[PDB]
Every structure is written in structure tokens, then in C-alpha cells.
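Listing of target_29.pdb, PDB, N, CA and C atoms
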```pdb
ATOM      1  N   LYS D 516       0.805  -1.210   0.000
ATOM      2  CA  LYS D 516       0.000   0.000   0.000
ATOM      3  C   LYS D 516       0.855   1.285   0.000
ATOM      4  N   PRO D 517       1.730   1.528   0.995
ATOM      5  CA  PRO D 517       2.570   2.713   1.041
ATOM      6  C   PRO D 517       3.626   2.649  -0.065
ATOM      7  N   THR D 518       4.183   3.802  -0.446
ATOM      8  CA  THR D 518       5.191   3.841  -1.485
ATOM      9  C   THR D 518       6.202   4.967  -1.247
ATOM     10  N   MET D 519       7.255   5.002  -2.069
ATOM     11  CA  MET D 519       8.267   6.044  -2.001
ATOM     12  C   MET D 519       7.660   7.342  -2.544
ATOM     13  N   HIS D 520       6.713   7.226  -3.486
ATOM     14  CA  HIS D 520       6.043   8.355  -4.101
ATOM     15  C   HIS D 520       5.153   9.089  -3.099
ATOM     16  N   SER D 521       4.492   8.343  -2.201
ATOM     17  CA  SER D 521       3.621   8.933  -1.198
ATOM     18  C   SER D 521       4.456   9.834  -0.280
ATOM     19  N   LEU D 522       5.672   9.370   0.034
ATOM     20  CA  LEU D 522       6.608  10.094   0.877
ATOM     21  C   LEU D 522       6.925  11.428   0.201
ATOM     22  N   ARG D 523       7.334  11.363  -1.069
ATOM     23  CA  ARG D 523       7.616  12.569  -1.841
ATOM     24  C   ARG D 523       6.394  13.504  -1.798
ATOM     25  N   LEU D 524       5.191  12.920  -1.853
ATOM     26  CA  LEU D 524       3.955  13.682  -1.782
ATOM     27  C   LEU D 524       3.845  14.406  -0.438
ATOM     28  N   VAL D 525       4.277  13.757   0.640
ATOM     29  CA  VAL D 525       4.229  14.364   1.974
ATOM     30  C   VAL D 525       5.051  15.652   1.991
ATOM     31  N   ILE D 526       6.217  15.634   1.336
ATOM     32  CA  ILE D 526       7.070  16.811   1.306
ATOM     33  C   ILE D 526       6.338  17.894   0.509
ATOM     34  N   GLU D 527       5.853  17.539  -0.686
ATOM     35  CA  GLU D 527       5.122  18.452  -1.552
ATOM     36  C   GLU D 527       3.655  18.446  -1.116
ATOM     37  N   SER D 528       3.448  18.840   0.139
ATOM     38  CA  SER D 528       2.137  18.902   0.770
ATOM     39  C   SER D 528       2.277  19.799   2.001
ATOM     40  N   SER D 529       3.296  19.557   2.829
ATOM     41  CA  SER D 529       3.547  20.388   3.997
ATOM     42  C   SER D 529       3.974  21.788   3.507
ATOM     43  N   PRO D 530       3.676  22.863   4.255
ATOM     44  CA  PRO D 530       3.970  24.239   3.881
ATOM     45  C   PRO D 530       5.459  24.599   3.979
ATOM     46  N   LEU D 531       6.315  23.909   3.223
ATOM     47  CA  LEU D 531       7.743  24.194   3.222
ATOM     48  C   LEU D 531       8.058  25.415   2.340
ATOM     49  N   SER D 532       9.348  25.752   2.230
ATOM     50  CA  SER D 532       9.824  26.874   1.430
ATOM     51  C   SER D 532      10.384  26.328   0.103
ATOM     52  N   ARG D 533      11.326  27.094  -0.448
ATOM     53  CA  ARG D 533      11.969  26.715  -1.705
ATOM     54  C   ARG D 533      13.226  25.872  -1.430
ATOM     55  N   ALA D 534      14.108  26.504  -0.648
ATOM     56  CA  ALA D 534      15.402  25.951  -0.279
ATOM     57  C   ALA D 534      15.331  24.640   0.493
ATOM     58  N   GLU D 535      14.642  24.638   1.636
ATOM     59  CA  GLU D 535      14.525  23.450   2.469
ATOM     60  C   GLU D 535      13.828  22.310   1.732
ATOM     61  N   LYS D 536      12.851  22.641   0.883
ATOM     62  CA  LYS D 536      12.104  21.670   0.112
ATOM     63  C   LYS D 536      13.085  21.002  -0.844
ATOM     64  N   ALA D 537      13.786  21.810  -1.640
ATOM     65  CA  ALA D 537      14.748  21.290  -2.594
ATOM     66  C   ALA D 537      15.826  20.460  -1.888
ATOM     67  N   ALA D 538      16.496  21.082  -0.914
ATOM     68  CA  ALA D 538      17.561  20.442  -0.161
ATOM     69  C   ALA D 538      17.118  19.089   0.400
ATOM     70  N   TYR D 539      15.978  19.065   1.098
ATOM     71  CA  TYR D 539      15.482  17.827   1.660
ATOM     72  C   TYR D 539      15.173  16.819   0.555
ATOM     73  N   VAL D 540      14.388  17.207  -0.449
ATOM     74  CA  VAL D 540      14.020  16.327  -1.528
ATOM     75  C   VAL D 540      15.257  15.668  -2.164
ATOM     76  N   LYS D 541      16.333  16.426  -2.402
ATOM     77  CA  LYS D 541      17.540  15.833  -2.972
ATOM     78  C   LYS D 541      18.076  14.772  -1.999
ATOM     79  N   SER D 542      18.142  15.144  -0.720
ATOM     80  CA  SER D 542      18.623  14.245   0.320
ATOM     81  C   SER D 542      17.796  12.957   0.379
ATOM     82  N   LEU D 543      16.486  13.105   0.225
ATOM     83  CA  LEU D 543      15.543  11.996   0.238
ATOM     84  C   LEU D 543      15.794  11.124  -0.989
ATOM     85  N   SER D 544      15.990  11.752  -2.152
ATOM     86  CA  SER D 544      16.272  11.022  -3.382
ATOM     87  C   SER D 544      17.521  10.152  -3.179
ATOM     88  N   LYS D 545      18.460  10.641  -2.365
ATOM     89  CA  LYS D 545      19.683   9.913  -2.041
ATOM     90  C   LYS D 545      19.446   8.615  -1.215
ATOM     91  N   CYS D 546      18.196   8.130  -1.098
ATOM     92  CA  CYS D 546      17.837   6.904  -0.383
ATOM     93  C   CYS D 546      18.533   5.652  -0.943
ATOM     94  N   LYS D 547      18.295   4.490  -0.305
ATOM     95  CA  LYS D 547      18.865   3.209  -0.716
ATOM     96  C   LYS D 547      18.266   2.036   0.077
ATOM     97  N   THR D 548      18.356   2.067   1.415
ATOM     98  CA  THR D 548      17.850   0.989   2.265
ATOM     99  C   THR D 548      16.473   1.317   2.860
ATOM    100  N   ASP D 549      16.399   1.505   4.183
ATOM    101  CA  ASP D 549      15.146   1.778   4.877
ATOM    102  C   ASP D 549      15.396   2.490   6.206
ATOM    103  N   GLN D 550      16.227   1.913   7.084
ATOM    104  CA  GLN D 550      16.528   2.517   8.381
ATOM    105  C   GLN D 550      17.155   3.901   8.178
ATOM    106  N   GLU D 551      17.914   4.060   7.089
ATOM    107  CA  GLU D 551      18.561   5.310   6.762
ATOM    108  C   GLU D 551      17.497   6.320   6.338
ATOM    109  N   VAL D 552      16.729   5.962   5.302
ATOM    110  CA  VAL D 552      15.693   6.795   4.714
ATOM    111  C   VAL D 552      14.698   7.204   5.814
ATOM    112  N   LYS D 553      14.397   6.298   6.754
ATOM    113  CA  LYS D 553      13.535   6.488   7.880
ATOM    114  C   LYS D 553      14.088   7.615   8.748
ATOM    115  N   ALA D 554      15.362   7.510   9.116
ATOM    116  CA  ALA D 554      16.015   8.555   9.900
ATOM    117  C   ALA D 554      15.868   9.916   9.182
ATOM    118  N   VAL D 555      16.001   9.904   7.856
ATOM    119  CA  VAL D 555      15.850  11.116   7.057
ATOM    120  C   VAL D 555      14.366  11.572   7.115
ATOM    121  N   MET D 556      13.427  10.627   7.166
ATOM    122  CA  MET D 556      12.006  10.925   7.292
ATOM    123  C   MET D 556      11.772  11.594   8.660
ATOM    124  N   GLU D 557      12.462  11.108   9.694
ATOM    125  CA  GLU D 557      12.353  11.688  11.020
ATOM    126  C   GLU D 557      12.739  13.171  10.933
ATOM    127  N   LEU D 558      13.735  13.493  10.095
ATOM    128  CA  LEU D 558      14.144  14.874   9.915
ATOM    129  C   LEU D 558      12.956  15.686   9.385
ATOM    130  N   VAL D 559      12.200  15.192   8.383
ATOM    131  CA  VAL D 559      11.008  15.899   7.873
ATOM    132  C   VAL D 559      10.117  16.322   9.038
ATOM    133  N   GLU D 560       9.808  15.381   9.937
ATOM    134  CA  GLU D 560       8.950  15.653  11.084
ATOM    135  C   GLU D 560       9.480  16.854  11.876
ATOM    136  N   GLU D 561      10.760  16.813  12.247
ATOM    137  CA  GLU D 561      11.389  17.887  12.993
ATOM    138  C   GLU D 561      11.362  19.212  12.225
ATOM    139  N   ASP D 562      11.660  19.148  10.922
ATOM    140  CA  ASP D 562      11.703  20.318  10.060
ATOM    141  C   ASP D 562      10.397  21.102  10.151
ATOM    142  N   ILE D 563       9.246  20.425  10.097
ATOM    143  CA  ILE D 563       7.976  21.124  10.185
ATOM    144  C   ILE D 563       7.815  21.745  11.543
ATOM    145  N   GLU D 564       8.071  20.968  12.593
ATOM    146  CA  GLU D 564       7.935  21.460  13.956
ATOM    147  C   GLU D 564       8.893  22.628  14.226
ATOM    148  N   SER D 565       9.848  22.863  13.320
ATOM    149  CA  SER D 565      10.812  23.943  13.453
ATOM    150  C   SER D 565      10.279  25.133  12.671
ATOM    151  N   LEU D 566       9.931  24.900  11.404
ATOM    152  CA  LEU D 566       9.383  25.933  10.545
ATOM    153  C   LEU D 566       8.121  26.522  11.187
ATOM    154  N   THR D 567       7.301  25.657  11.785
ATOM    155  CA  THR D 567       6.060  26.061  12.436
ATOM    156  C   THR D 567       6.294  26.596  13.854
ATOM    157  N   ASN D 568       7.344  26.119  14.540
ATOM    158  CA  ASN D 568       7.673  26.523  15.907
ATOM    159  C   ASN D 568       6.570  26.060  16.865
TER     160      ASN D 568
END
```
Would you mind writing the file out in C-alpha cells?
Amino acid sequence: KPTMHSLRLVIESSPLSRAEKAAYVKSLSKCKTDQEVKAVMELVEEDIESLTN
């Protein structure tokens, strides 16, 4: 059911900017396994809670 595309959709859904969106998306594209990409996903969570404060 879940996919890598849905994840990309999450980024292009949250109210991010230009720079952080691009930077993160490139970093996300740099995926390979799962535990790694997950840790990077954890960063998305923090990023919003930072941008939003």
C-alpha cells in the first residue's frame, strides 16, 4: 500500500519553502535501504515542527 512516491507527496504537501524543500528532496532522493531513509524521514517531522515553531 505505502510507497516512495507517497513520501515525496508528503514533502510536496507540507507548507515548506523553496530551499529546504529542494535540499530535503535531494537528500531523500539519495535513499537506498530503509533505516537510513527512515532517519531522514524523522528529519522531515522535525523540520515542520521547526518551521512552524
Straight-line distance linking atom C of residue 558 (chain D) with atom C of residue 527 (chain D), stated in Å to one decimal: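 Atom-to-atom, atom C of residue 558 (chain D) to atom C of residue 527 (chain D), that is 14.3 Å.
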Surrounding residues of residue 526 (chain D) excluding itself and chain neighbours under 6 positions, 8 Å, all atoms listed in the file, as a PyMOL selection string: chain D and resi 520+536+540+559
Shortest interatomic distance to residue 543 (chain D) - which of D:567, D:517, D:528, D:555, counting all atoms listed in the file: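 Among D:567, D:517, D:528, D:555, it is D:555 that comes nearest to residue 543 (chain D).
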Output region 530-541 of chain D as a short mmCIF file (atom, residue, chain, number, x, y, z; two decimals), in the frame of the given file, making sure N, CA, C and O atoms are there.
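Once written, rebuild37.cif looks like this:
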```cif
data_model
loop_
_atom_site.label_atom_id
_atom_site.label_comp_id
_atom_site.auth_asym_id
_atom_site.auth_seq_id
_atom_site.Cartn_x
_atom_site.Cartn_y
_atom_site.Cartn_z
N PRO D 530 3.68 22.86 4.26
CA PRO D 530 3.97 24.24 3.88
C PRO D 530 5.46 24.60 3.98
O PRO D 530 5.84 25.51 4.71
N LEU D 531 6.32 23.91 3.22
CA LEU D 531 7.74 24.19 3.22
C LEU D 531 8.06 25.42 2.34
O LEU D 531 7.16 26.05 1.79
N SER D 532 9.35 25.75 2.23
CA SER D 532 9.82 26.87 1.43
C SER D 532 10.38 26.33 0.10
O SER D 532 9.79 25.43 -0.49
N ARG D 533 11.33 27.09 -0.45
CA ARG D 533 11.97 26.72 -1.70
C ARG D 533 13.23 25.87 -1.43
O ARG D 533 13.35 24.72 -1.82
N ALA D 534 14.11 26.50 -0.65
CA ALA D 534 15.40 25.95 -0.28
C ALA D 534 15.33 24.64 0.49
O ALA D 534 15.90 23.64 0.06
N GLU D 535 14.64 24.64 1.64
CA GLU D 535 14.52 23.45 2.47
C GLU D 535 13.83 22.31 1.73
O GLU D 535 14.16 21.15 1.95
N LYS D 536 12.85 22.64 0.88
CA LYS D 536 12.10 21.67 0.11
C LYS D 536 13.08 21.00 -0.84
O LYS D 536 13.22 19.79 -0.84
N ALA D 537 13.79 21.81 -1.64
CA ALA D 537 14.75 21.29 -2.59
C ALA D 537 15.83 20.46 -1.89
O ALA D 537 16.04 19.30 -2.22
N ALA D 538 16.50 21.08 -0.91
CA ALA D 538 17.56 20.44 -0.16
C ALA D 538 17.12 19.09 0.40
O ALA D 538 17.79 18.08 0.20
N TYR D 539 15.98 19.07 1.10
CA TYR D 539 15.48 17.83 1.66
C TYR D 539 15.17 16.82 0.56
O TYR D 539 15.63 15.69 0.63
N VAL D 540 14.39 17.21 -0.45
CA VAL D 540 14.02 16.33 -1.53
C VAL D 540 15.26 15.67 -2.16
O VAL D 540 15.24 14.46 -2.42
N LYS D 541 16.33 16.43 -2.40
CA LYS D 541 17.54 15.83 -2.97
C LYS D 541 18.08 14.77 -2.00
O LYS D 541 18.40 13.65 -2.39
#
```
